[PDB]
Structures are given as structure tokens and as C-alpha cells.
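J.: Encoded as C-alpha cells, here's the structure I'll be asking about.
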Amino acid sequence: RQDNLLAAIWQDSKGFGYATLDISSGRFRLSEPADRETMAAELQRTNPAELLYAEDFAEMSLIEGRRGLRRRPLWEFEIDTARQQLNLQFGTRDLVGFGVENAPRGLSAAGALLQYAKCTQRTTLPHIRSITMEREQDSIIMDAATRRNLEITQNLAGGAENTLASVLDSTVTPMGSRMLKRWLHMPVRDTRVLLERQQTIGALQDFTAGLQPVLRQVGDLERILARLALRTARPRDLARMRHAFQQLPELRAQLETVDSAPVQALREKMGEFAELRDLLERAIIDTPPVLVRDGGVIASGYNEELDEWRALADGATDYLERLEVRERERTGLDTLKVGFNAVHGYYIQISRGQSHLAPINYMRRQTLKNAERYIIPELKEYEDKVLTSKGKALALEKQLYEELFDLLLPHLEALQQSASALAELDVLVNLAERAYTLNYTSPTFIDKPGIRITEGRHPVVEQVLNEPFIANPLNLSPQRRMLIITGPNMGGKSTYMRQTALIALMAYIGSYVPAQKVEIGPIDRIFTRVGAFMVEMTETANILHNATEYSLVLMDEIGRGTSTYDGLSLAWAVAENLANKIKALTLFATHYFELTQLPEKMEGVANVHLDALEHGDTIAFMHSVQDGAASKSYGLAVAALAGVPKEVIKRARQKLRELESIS
Amino acid sequence: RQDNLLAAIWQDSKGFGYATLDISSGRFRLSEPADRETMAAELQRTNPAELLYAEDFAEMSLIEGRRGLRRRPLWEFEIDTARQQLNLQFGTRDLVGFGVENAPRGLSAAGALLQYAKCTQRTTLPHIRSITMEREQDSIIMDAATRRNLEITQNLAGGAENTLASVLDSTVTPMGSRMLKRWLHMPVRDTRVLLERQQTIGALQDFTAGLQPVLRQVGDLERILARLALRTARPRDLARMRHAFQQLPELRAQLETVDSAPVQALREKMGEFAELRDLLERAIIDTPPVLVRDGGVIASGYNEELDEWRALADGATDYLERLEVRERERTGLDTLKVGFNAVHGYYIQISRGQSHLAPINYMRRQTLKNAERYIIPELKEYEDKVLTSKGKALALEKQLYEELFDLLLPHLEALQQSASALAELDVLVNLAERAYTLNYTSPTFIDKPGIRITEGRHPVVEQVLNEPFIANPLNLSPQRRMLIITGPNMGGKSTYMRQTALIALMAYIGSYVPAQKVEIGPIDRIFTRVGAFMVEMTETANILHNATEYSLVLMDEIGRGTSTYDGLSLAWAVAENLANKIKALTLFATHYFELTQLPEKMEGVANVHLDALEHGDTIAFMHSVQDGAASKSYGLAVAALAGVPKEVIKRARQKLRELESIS
Amino acid sequence: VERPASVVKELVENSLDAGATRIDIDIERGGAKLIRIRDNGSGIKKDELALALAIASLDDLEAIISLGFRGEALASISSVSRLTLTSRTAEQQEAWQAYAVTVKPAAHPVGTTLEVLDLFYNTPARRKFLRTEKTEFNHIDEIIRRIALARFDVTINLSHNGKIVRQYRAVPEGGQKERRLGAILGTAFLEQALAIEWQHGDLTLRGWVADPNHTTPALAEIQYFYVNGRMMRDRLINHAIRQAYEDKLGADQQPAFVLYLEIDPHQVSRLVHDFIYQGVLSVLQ
Amino acid sequence: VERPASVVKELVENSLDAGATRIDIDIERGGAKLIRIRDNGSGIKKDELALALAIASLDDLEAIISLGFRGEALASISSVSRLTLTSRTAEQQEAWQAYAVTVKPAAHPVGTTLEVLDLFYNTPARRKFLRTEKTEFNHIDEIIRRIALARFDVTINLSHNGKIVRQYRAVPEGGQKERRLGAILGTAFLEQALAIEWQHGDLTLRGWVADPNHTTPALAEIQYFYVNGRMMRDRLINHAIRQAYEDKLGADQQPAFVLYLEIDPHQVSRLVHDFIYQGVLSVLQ
Ligand SMILES: Nc1ncnc2c1ncn2[C@@H]1O[C@H](COP(=O)(O)OP(=O)(O)NP(=O)(O)O)[C@@H](O)[C@H]1O
Ligand SMILES: Nc1ncnc2c1ncn2[C@@H]1O[C@H](COP(=O)(O)OP(=O)(O)NP(=O)(O)O)[C@@H](O)[C@H]1O
């Protein structure tokens, strides 16, 4: 069992994109290996008997030892044609349903392999059906629909409200917020690292409060290091850094008592940097002005010369007072005052009546409406010594400041390490504190796919909601792999569904989770359909072609259709497909009742529904998941809750039982 | 002939909010008069026999001459209770369906009038059914759903792509882009002003090209005037202003020939400002540095004193060259160069081999590794005259610059007027050019509600489409007031609908429109429902209670339901209601076919549908509106366009005719 | 029922009497605008809900007023307010609810919830009086703090204006009680806490006393005495303990303590006095 | 059919010959990637679409090859490319279409559209010789500019990369022709334009000539001569006009003109030469 395999590859100056093909079977995949060893490992793996390359390929070192090589022209690897070509092959108007739409580096390779295949085979090839992506970050990942829809870091309207962030992010520092938000975009699936995080997160719960405020002192050390590296760093940035360095002995002490070797490792990563603290302490005032431009930054006592040039301008005011007083009493003019002007320098002003009663030492620099100003050599002498000393003290200050960049940069990587460590600790501690604040539990990992939730809760909705969340369990497995969910509106369909999503993600950053007890097997891929028609359908197919035996599939109201039957038919299928062939762990939210016949029709499918207690003027939504199926029409009831006038509600129910009197 | 009326009012320091009630009929409205005369006119109009006010009302002058006054406590006007109270009165969870949800200033007034009414009547009052907003700008009303949905200035993903703006905004200056985008947010409905704009827009089409580039020179004059007013304006901002002032004689000439008195009026508003040009021209260099801080801004020849202090530092380079040359000659050391240092001042450096071959005039200031630097008295005293003169020249420069703010500000309003005129002209010309570029037509206004389109086109989609749009007409009136639209997906339902919207808005800014000929009567309010359940319903009721005999109602796929009949029933009603009672100009996009029985059921309703031509195993979407109704299920067909595997499509069609074999 | 503090304290103890382990308490605006109590104590059946508040509706119904001594406290509150009771019984039922005058079902767990807008709704003055905003919470904050040390077995969450303020976890039976002691009285007290365990016959004295040697101005604010659960501030005990702080070290400064006494019914008798005294002094040495 | 400029010019004139008043011409990437021609000239029936490109399919069909002299130009392009014809006839019909693998109906107005992607599906070099593209558009820009002055009755929109570049409006018959003259030749020529109207028997000369007195380096770039529509390559007329610019003012610098001549044939015959000359000189004075 070693096959006849074909491949194509093209590169831009960014990285690589790759595609393959077997003429015996008709198999077609894509990828975008970013670096060299990955690209070499991908040719090694697939091992094409025949390999395509564009004339101008740069990293030839990969392919010149390989067999059955095929030099091709450039124009054949153009995305425009490539996309156009392959789209009419599969027949679609886009490659949305394939899950590769914006991966063009790979698509030139798929595009050139098809023009070659058209021309290698030159007959119809309908044993080539599709194309799918394998995924760079294989601690596997979550589509764009899920992301925009789950609002983990951004909501409906585009703010940060009702977010998983809004809850979890009570991180004290901005570098905590980012890394907290990043771990959400990229869940960790090396089992080892997940458990490292749980051990750390649990051991901190006794020290939640003691540590928190210490980190709020730091500020964004990370971004400060940036302007340091760029050499655009400003005084008050270096100031909050110093304040951060002063917390290091404190944190070193508090963490040494904590029982977790991963904590002891991160405690080292933090570091101390005693000498770096010392320099900043000796060089700079407590909190100087905003920029360095107009000085006032370096403290006296760091540099002798600094204080020297400062002593020239410090012989200023008393010099001019003695002048003002001597000259006032020598001339006999009391309106005589020695003042400064930005424009002209210093001067001696006398009021107009007394002005021509002044001595002949005085040289006119400035006539006024109400006075005459004069200059004298003693002042004009002294004018210089001040103005210049200022400049050169200022100049020394600029010099000393930018020299500090030279002094810190040799440890620049060691500081980034500490900055990364501290950012991560804020995240860990915040989470230790969110499990302390909101009572989350520590889960465990199992062998094969399955989720068990014991009285779990939607971690966002419960915090925003009037009443406490109606906690529900969930029990899924390879034996019980699908749940047909029917019921009333505001029944909690989409809620019971999307809540499930949050459980996984949370467990898979090593954090504790909103439930009594949670056990979980492998779940690689997390796909979603988000209500609204071109649009609706297209994404559905993606989830089909890519989702696996171990994935999580998230369906709500597919078949917002053009007719009675389309919707139903459509659905009927997709469900049977996920139970019959794919065998993934699925949750299927629907309104089209006939599907509830599927637990009997299929092995592995079982009925559930959010039961409603519908009574008189009002109606009750248990917000509880019940074994069985939905009753009936719940829309007519919900109608008024919008604000429907009864002109309509009664025309609705008057027609409803014209219709419901047939069935 | 006359009434019995009740009212309530409360104010914050921002403005007023108002509410009313008649116990005979049970009528309940809201408003937020912003200023005093509007508030006085609103009490004058409604003329309550009984009027409520909170103890602490500030503008008492409105109410102390009025009859049947009732002093009330503060706490009764609190929004929290008010909202809570009124919500349980109507029974809803929110006031979304009333179209007043975010008008809290008015709602305190409505809130306090209900606690009083509970306590004035204490009797059954289900003759109080609803609450609705009248809108200050009788000129316009387009709801939030329409706005976020129509993507006139912003698309779904949050960019500016596929927008009406992306097309229309070929405005050359940023102040054009804004005002262009603003007129879209607020359509003008004084018929006079609309026709003024058409006359202007048509007369410019011969001068499209001639004017365009002249305005791109201006830049954002408007925002420059801002930092002028704030006194934060910078050199290069004043520079682009000057460049703008130089275009004024040019524009004055080009527009004098154009035939439109509204153009001749706007030509005056532009103005000239000859003296203001003169000052900037004489005071500033072509393009100075970024800020004023480090000088180099004011040109020589504006100020004698400026050039005086500049003459001291102007005796710099030649003084030091003659020194460098004389001393190089005199000593015989050619590596001798006279240089400057920020730290130590000027010096004379010689290379190490030649260093001890220098004369004894030289005083050591600075030893180096590979040279010796020296100072001499000639240099050290010349050092001063430069460094100080610079400062005081710099100081004069700062003074002169901020004084210019004093000189321009007496015309500040006249300049804003020109800035507004120019911003508006870019918009007008841009639109004159978009009608020139995209061949739009000039419409006319009629008496009573109705739209007639002759071969009209969706102005966005046709530009993003690689093809000309399938232009279609439209014929609506008070006699033909509703169109039931059924058909295939990608039929162009939502398209033929949303296109209608754009026509109105465009016509109602006085611009030409994408159609052969367009005539239109009054349309006040423009409401919309945007595919995706709690969500979908609530907004529906709003449109009900607010929409009028003259409005435009925009329905697409209401009744994405929980069951067979709910959706249908629901819709059935809404339609009948808008035809039977409200009598508005409506367009109803649906997928529930039984509704197509409504042309027979109602007066004023007529069937239309987007017809599709299915040939074997491909399908054609005519993109053309046909009299009659839809065929069938078009979803099974669209399925593959996603990319559906045939495991499923054939299970679909295998079940489809199990289902369709009953009906 | 004059302050919000008083309405809080009583309705907090209604749930305690119903055997409660979890109590959510939520407020907005010093108590003026919102007060929300949720409990896991046993519930109120659908018959008992209506007439506990509505007063000629009692006449016909045959003394079912019986089940509900909170019903006494509720009735007074309800006539002049905007009250909302909602509850599902421990007995398999659906949840039922009372407002403002509608009884209908809604949803809820095993227990009871009470939602309210500013109690007096037609009394012009008694509202106009209702003290500040800030201080009313600071009083409520103490109400919970008192009942908290009285019951280590009930989890209480206090929040203000949507935001969590105080989270007192119930200590497991036979558990680490130092957790809850630091949470209520700050960390400063916790680290100076010297426990006490004295016992003579029927009488039994348990608790903590801050070491006088390291008792500072911040710590001195903690003086609470409970007897079989109930705090009385009877001046007798004032002596017993200020005698004890004087007798270890002469400096008579303000002590820091929280003590628990368990005896058989005898409201206040000198027996109790010297019992207290001897317990504390041994502990300090 | 070597350059994109050539394929453009020919297929632009296919529609003119079909009596066209509106012509849309759209390009991307120097012509390499995209070329789109839409016309309002008469259309192509559903029978005539197939065999104009596909070549044994002509045999059985009874000389309907007749209607389609563009069909000659189309056939050569089609065998080695990615072509899309689509058209609805002025007569009895729905719109029909041909691609790349399919004939089916789609939609279109009265006329014809032609869409295309880069030719040579397996020829390595002949593509290498398509120019640096920038220049290819600058050539196409001239193609349209030439045919534009030849036909004042046809509205032409030239665009590049989706974006409008040039819009030549058709002047109403007996209308203001100064509007189109400024659009094609810039405003500089327009304002120096001195019209010409000369007439001897069968021969008739109409047009414009930039006043030599105010003819600058920018203006001298405009020299185009048409005879009953058609621009020829004849050195003769060079003399007639450089004789005319020399004879008004001696300074023999490069002129600016666009002239229209209407006769019965004298292909190059001296008759035509002095007729031209005398027309221009009178106009300059
Ligand atoms: N288990 C629960 N406990 C408490 N509240 C809940 C629960 N489930 C849902 N809710 C609330 O009920 C609201 C609506 O529920 P949702 O899941 O959106 O209904 P649905 O069945 O998807 N139908 P619709 O939303 O109308 O299409 C949400 O805003 C939740 O805040
Ligand atoms: N008159 C037209 N001419 C050309 N293209 C059109 C026209 N109308 C619609 N389209 C295109 O057809 C598609 C359908 O538009 P739309 O109105 O959203 O369809 P729909 O009937 O609402 N069903 P769906 O889009 O599946 O929900 C879009 O891709 C448009 O670009």
C-alpha cells in the first residue's frame, strides 16, 4: 500500500502554499506550511511520484533531490485564473464551503495542479470531488463563524460588552488582558500543558487577594520595552518601570510558599534585576515631565557636571534682586523693576514720568506706550551665563537619557522574558480569582470523544441575567453522538448549545469551568452556524467536508427555507449524514418536528427538548433540558412579547385553527 | 369638537422630555423637544386640562400661567421605575416594539404620568394600549435596523466596502466625504431644497472635470480651522490652507459661467479672502517643519528684527571656515577641522599623529582615543553670540506665530462659512460627477404616496457585479399598495427590495437616481426587518405601531418559526393588517406560499415573483420581477452551491419525493 | 421597618429560619431603589402566596396564614410598596409569583426570591427621610457582617449596584474556619487571632481573641459577643473582658474579639461572668 | 491579433458596424487578464452563437455563417482561449450565452457582450511577448481616442481595473460638438480651436485647427486626418498642411488639427491636395 501520488507548490517571499492529487482515488487537500522544516516534512509525508514547481522557485534546496520533477511556467500559478478554474470544476461560485477561501498562497498551488491535470488527463475527472485544509496550529481550531458569533472578545455590535472577556478580564494590567484574550483565540491541547495550568490555577486561590494589587503597579511593562527597543521611550514610561521593579522582591516572597512547581518555575522567569532598579532610582526624579525635550528629568546627585551647569542658572534671582534694589535706591525711581522677556531677554523698566530721570549707563532696547525699557552690561553679561548654562544642562540631560538605552539593551531579551512571565501570571491569577469569585470546578481529560457536564451553566448569560442560571447537565459520547433539540422560543435552544461551546474552550486553557463536575475526551474542531440564504447554506457545507469523528458541530435552525419541504428535507439529510457516516459529536437545534423521528430511524441519536409550561395569559420557560420532543407552536404566544396589537394576534389564532383543524 | 387632555414633563440640564394622555380615548405619545420655543409650542398644541411637573423643574416660566397644574415628587420621574412600570403595563420585557427604547428624557415623563394615572383612575385602563414617538425632524425617520442593514456608510464586517459610500464617495477632500455621508443620514424633505440641489447638480455636468482637481488642492480646510480655533494649529496645516486660498480666484471664474442661481449663491459663500492670503504668503516659508517648537517657519522679508537676530548666527559658518582654513595653513595640519558638540560647545580637532604639532594658543578641553580637541578664546566667545541669537530669534518666531491667531480669528465665522461652502461643493460636484459617471436621471415629486421606477437598478450591487444589473421597473400607489414576493433563492428578493430603498434616499438628497425615470410622492418613514427569534419578532411590532399611510415598509422572511403554522399564521396577519387597516406602501418578501392567496383575499394586494428557469442539472435566475407567484423548493438546488457532498443531496432528493408524494 | 438595613436584616433571617445554606443579597442605591433576596430555604406553595400579602382575602381561607412567620413581616411591607414574591416549593411543583396584582407562574430553583422598589410608595416623608445612600449600604454591610459570624454554615453573597462586594463562603462541617474569619474581619485580625476553648459543666466558650500585645488602632474595632447565636450588648460582659485585658497587661486599650457561648436558658448569672473571664486570660498567656 | 490593442480595436469596430450608439469597454492588467466589450448594436441569435466559434459544426447548417463578419475575428481568438459570448437579439428572444463548456440562457439587454481571460493555455513564449502592460493600456487609450473622434454619435466608456478612466458622451445630432472635442484632446486644444468649413462641388472639408499663433509644445501632439471616416497612412497630406502652417506664419513648428473630409475617391489625387491647403489658410486669417 504505497500509492501513485502527485503534488504542486509555489512560494512568494512570505512563505509556502501546497496542494496534492492521486489519479487512482482522486484525493485533493491544501496547506500553507510557513517555515522550511514544515515544508520539507510535508513533501516527505505525501512523497509525490510527480512534483510541480514554477520556473522561479527560490528555495530549490527542497526539491532538487526529489524524483519526477516538473518545471512549470509562472502564469499557471496565478490566483485569478486558479480560483476561477477550480470554482467551475466544483461548480460553486466561491470556495467558502471548502474552508479554504482566504488561503491564496496554497491556492496558486491548487490552481496550477489543475491546469496540469486538465492537460495530463484531458478527460473529465469526477473522482476529484473537493478540497480541504489541514491546520497550522494543530491544537485544533475554530472557524470564523464561531468566533464572531461566540463573542468571546467582541460582541454583536462591535464593543466588548457581554463578552467572555467582560467577565474573565478583571486582569490588572493591559498585557494580562491581551494574553488572556489570545489564549482564547488559540486553545491549548497538549494535555500536559493543560494540567500544568490547573495545578497553578488551584494553588493560587488562597493568595488571590495578596498578589493582585502588586501587579496593578507594573502597568504595561511589555509595551514600555517596545519604545525602549525603538528608542522612543519617554520619562514616565521609565518611571512606571521603576515602580514595577520595586515589586519584585515582594512577589518573589509571596510565591515561594505556594505549592506548585509550575509556579516555582514561573517565579524564576519573573527574575529580580537589582542593578537595573538601582540605576533608574539614582538617575531619575520620582515622576518627571512627559517628554525629555524640555528637561527636568535627571535628578541631582546622579551627575556632578549636571549640577555644575545647574548652579549657573541657580545664581539667577538673587543676582537680579540686588541689582533691582541697588538701582532703585541709586536712581531714586521706585517704579524701576528688573524683569524677564522671552522675546528680548532681561531688561530694566521705568514708568514714563520717571523714565528720562534714569542714569546714562542704561542702553535702550525697548520703548513702550507706558514706559521705557533698558539694558546694561552687567545684565547682558549675566543674561548669557543663564541662557547658555540652561542649554548645556539641557543638552547633557538628553545625552544621559539616550545613553540609558545603551545600558539596558544588553539584557533586552531577559526583560522581555520577565515581561512575558508577569503578563502570564496576571492571566493565571485573574483566572485563579475568577474560579474563586464564580466557583468554577477542575475538570479531567479522557481517551475518546465525549462530554459530561454536571449542573453546568452558561458563564456569560448567568452573570448578566436577572435570575440564576437554570443549570443543566449534558451527557454525550460515541454511543450517544447526536441530540435532536426541539422546543419553544426563548426555550434556551441556542443558549443550551452555545453554553456547551464555552465549557470546552475554558477547560482547554487549563482554567476551571462553570459546572459541578466536567470530564471530557478529545475535541479537535469547533464549527458553527449562525442564523442568516446564499449566506446560510454556503457555510453549512464547510462544516460538512471538514468536521471529524472527534469534532463539535453546532447547528441552529438550518433550513430557513423557501418552502415547507426544502428546509425539512435538507435537514433530514445533514443529520442522518452526521450519524450514519461522519459519526461526530453533534447538537442539532431545529424547529422542524418531523426530524424527531430520527432517534428511532438511526443508531446513536436521542430526543431532547426545552420544555415549556404555557398557561392562560402568560407562559413559563423552564430553561431546563428534557428528554423527549417539542409540543407545538410557541411563536403565536411569544408574539405579544414583542408588542403585537391584538388586531393581529387574534387574526393569527383565528387563522391558526383554520390551519390546525386539518392537522 | 373639543378635548379633555392630560400631560407630564421633566427636564435634566440637557433638554426636555414630554408625554400625554386622553382619558376619553386612551391615546399615549412621546417626544423630546430640545429647546424652549419647541417646548412652549408643544404645551400650546396639546393644551392639557391637567399638567404634571416635578418639584424641582428649572424652566418654570413655561408652566406658571397654565391651568390645572399638579406639583409632583422627584422619585416618581425616575427612569428605572418608569421603565419597569410601563413594561408590565404593556406586558413586554422592553419597549423595543414601541420605537422609544433609547429616549429616556421623555420616558421619565411617561413614567410619572402612569403612576399618577394608576392613582387618578385606579380603574381599568386597557384603552391605553401603546406609546409612539413623534420626531423633531419631520423631514426624516429611518430606524436603526434599516441603517445597520443598508450599509450606506458601513458594511456588516465594519469596513467601508460594498457601501453606497464606496461608490458615491469619490469626493476629493475629507470634508466632502463627511458631509456626503451626513446628508445620507438625514434626507431633506423640504421640496424646495431638493429641487435647488437638482438644478445645481445638473448644471455642473459639463464642468465635472474642470473643477475636480481644484478642490483636491484644499485638503481639509475645515479641520484646520479647528486647531486654529483651539490654538493648536501647526505650520503645515497653515501651509495647505494657503494653497487652498490660492484656488479661490480660479473657482470664482469657473462657476460664474454655470447656469444655476443656487450655484451663484454658493459661489458667493465661497468668498475670496485676498488679504488673508497675502499675510500667510508673506509670513511663512513654502513648507516649514512640522511644529513651531524648533523654528524655521517664518520667512525672511516679513520682519526686520527676525532677520537681525538671524544675522548674528548668519555670521557663523564663514567665521569658522576662515578660522579652520587660516589655522590649517598656519599650523600645517590638514586633519584640523573646527566642529561643534552639544555637550562641550565648539572645538578644534587634530588627528593623533599631528596633535602635538599644534600651536600653544590651543587650550585642551577634550582628549580622545584617536585625537586631541582644543578650545581658543576667539571661538569660545563667538560660541555665545550664536547660541543666544538663535534662542531669541526662535523666541520671536513663537511670538509671531501665535499672534497670527489673533489676526485671523475676527473672520473665524466667515471662514467656517467658506469651509462649509467648499465641503458642500465637493459633495455637489462629486454627485454631479457620479450622475455623469453612472448615468443617473432627474426625478420629480408628486402629491400622494407612490413610486414609479422605469428600468431601475440597485446602485451598489450593479457596480460590484461583473455585469450590468438586470434593470426592472416598479409601480406602487395607494390603489396598489402591497406586493407579495415569492421565488427562488438568489432570485433577487432582498435585492429587488433593498434597491427600492436606495432610490428614495438618493432622490431625497436632490441627487439623480439609478433608473430611466423616477416619480415619487410622499414617504415619511423607512422601516426594515433584517434576517435573524426573540430578535426577529420584537422589531416587527415597532414597525407596526409607528408606520403610517405614507411610509415604506420592508419585510423579508418573517416567520422563521418553531412549527408549521406559527410562521404562516403570523405573517398572514401582518400582511392583512398593512392592507386592511394601516394602508401603507409595502413590499413583502416571503417564503410561505399560502400568502399568495392574499391578492384575492384583499383589495390593494397583487402577486409578483422573481422567476427562475431550471434546465436539467443547471439553473438560471432571471433576476427579473414577474407578475404571479413562485414555483417550488429552490433550496435543494442551491444546496450544492455551498459544496454539498452527494451522499446528502441524493438522500435529500430521496426523502424530498417521499414528502412531496403527499403534496 | 424604618431603615433599609432593618428590612434587609429581617428578611435575611426569614431564610435562615427556613434552614438556609445559600443566600444571595442584592441592592442598588442604599436600598432605596432595589433589594433582592434569594434563598435555598424551603418554599411557599401557590395557595400561601396570595393572602400572605393581599387584608380581607384571609376571611374564607382556613388558617393557612399559619405557615409563614415571614408572612407577618411581608404583609406590612406590601400594602405601601412595589413588592415581587416568586417561589417554587421543595415539593415537586412549578414556580409561582406575585407582583406589585398578578399571580402567575415563572421559573425558579428550590427556594424563594424577593424583588422590590423603594418600600414606601405613597408616603411623602418617610421616603424623604431615608438616609443618604452611602451610609445605608455601610449599615447593611454591617448587618450581613454580624449575621455572617453568627452562621458559618450559610454562604452569603452581598452585591451593590450589580457589582459583587462581599462573598462569604460557608465553611465545610469540621472545616477550616480561618478562611471565613479573615474574609469578614480583614487579614489584620486573622494573623493575631488566638483561639479560645473553655468548658465547665453545661457552659461552653469557643472563639478567638486578638493578642493584646500586637493589638493596634485598626484592630480595636472588633467587639462582638454572641450567646447561643444571639448577640446582646449587655454591659455585664463588658466588665468580664475589660477585666481580662487589664489583668494580662495593665494598659487598658480597646480589645479585639469574637466569642461564642453555649449554655442552658437563663436570660441576663454571675456564674457566666467569671466563666468568661477565666477563659480569656489563660489564652493570652 | 498580436497585442491587446489590436483585439480591442477590431472588436470595438464590430459593434460600430452593427449600428452602435453605446459601447462599454473594460480592461484589467494591460489586457492580459480581462477584456469586456458590451454594445447596443444588433444581436446574435441562439443558432448563430455556437458555430461562429466551434470547426465541423458549420457543415450541415445552411450558410448562416453569413451573419457574422465578427464571426471571422471570433473563430481565431476562440480555439486557444477562455472566451465568453453572451447576447440577446433585438428580435424575438431571451438572452443566450457561451463559455470557456456550456451553452445556456442568461440575461442581457438588446445587444452583445464579450468577456475574456488571458490567452495561450499551453504556449510558453507567445505570452512572454505580451508587453509590460502599462504601455498596453496607453496604447488601448489611443485606440479609443482615434475611434472616438471618428464617431461623435457613439457613447464610449473606457475603464481600467474596474475604475472609470474616460467617458466620451455622444453629442446630440446637430449638437454642441465642443463638449466632445475638449474631452478627447484636453481643454488646451479646445480653447484654441478655429473651426473650418470649405466646399467645392463633391468635395467637402469640416473640422478644427489650433491657431498657430498660440500653438505650444503641449498642443503639437494632435495630428489626425480622416477621409469619409477612415484615417489612412499617406505622406501627401503632410505637405498640404505643413504648407498651410508655413504660409500663414513662417515659423514651421508642429501644428494641431483634426479634420474631416468627404468625397468620391482619389486614393493616394492632386485635386484633394490643393482643396485641403486652401481651406486651412483662410481659417487662420
Ligand atoms: N437555562 C437557562 N437559565 C436561565 N436563563 C436562560 C436559560 N436559557 C436561556 N435563558 C435566557 O433566555 C433567553 C433566550 O434563549 P435562547 O436560547 O436564545 O432561545 P432559543 O430557543 O434559541 N429561540 P430564539 O432565541 O427566540 O430563536 C436568553 O437571552 C437567556 O438569557
Ligand atoms: N436585478 C438583478 N440583476 C443582477 N443581479 C442580481 C439582481 N438581483 C439580485 N441579484 C444577485 O442575486 C443574488 C441574490 O440577492 P437576494 O435578493 O439576497 O436574494 P434573495 O431572494 O433575498 N435570497 P438569498 O440571498 O439566498 O437570501 C445576489 O448575489 C445579487 O448580486
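Numbering starts at 1 and runs along the chain as it is shown here.
We read in the header that X-ray crystallography, 4.7 Å was used to get this structure.
Note that Cβ sites are derived from N, Cα and C of the backbone, with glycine treated the same way.
Per Swiss-Prot, ATP binding site is recorded for B:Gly487, B:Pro488, B:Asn489, B:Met490, B:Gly491, B:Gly492, B:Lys493, B:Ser494.
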J.: Sequence gap of 6 or more, C-beta under 8 Å: which same-chain residues meet both conditions with respect to B:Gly487 (ATP binding site)?
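T.: The answer is B:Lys493, B:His609, B:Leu610, B:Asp611, B:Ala612, B:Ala630, B:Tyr634.
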J.: Measure from each Cβ of the binding-site residues B:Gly487, B:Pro488, B:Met490, B:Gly491 to the Cβ atoms of chain D, and list in sequence order the residues where some distance is under 8 Å, or 'none'.
T.: none
J.: CB neighbours of B:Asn489 (ATP binding site) within 10 A?
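T.: For B:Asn489 (ATP binding site), the 10 Å Cβ neighbour count is 25.
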J.: Are there any residues in the same chain, six or more apart in sequence, whose C-beta is under 8 angstroms from the C-beta of B:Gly492 (ATP binding site), and if so which?
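T.: The list for B:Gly492 (ATP binding site) reads B:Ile470, B:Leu610, B:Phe621, B:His623, B:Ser624, B:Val625, given in order along the sequence.
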J.: Can you tell me whether DSSP puts B:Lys493 (ATP binding site) in helix, strand or coil?
T.: helix
J.: Between B:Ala532 and B:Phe533 the chain has a hole of 10 residues; just give the Cα distance across it in whole angstrom, please.
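T.: So the endpoints of the gap, B:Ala532 and B:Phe533, lie 7 Å apart at their Cα atoms.
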J.: Sequence order please: the binding-site residues B:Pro488, B:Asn489, B:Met490, B:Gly492, B:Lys493 that have their Cβ under 8 Å from a chain A Cβ, otherwise just none.
T.: B:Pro488, B:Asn489, B:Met490
J.: In the three-state scheme derived from DSSP, which category covers B:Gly487 (ATP binding site)?
T.: coil
J.: List the residues of the same chain that sit at least 6 positions away from B:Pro488 (ATP binding site) in sequence and have their Cβ under 8 Å from its Cβ, in sequence order, or write 'none'.
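T.: Residues satisfying the criterion: B:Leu610, B:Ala612, B:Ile619, B:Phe621, B:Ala630, B:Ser631, B:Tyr634, B:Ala637, B:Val638.
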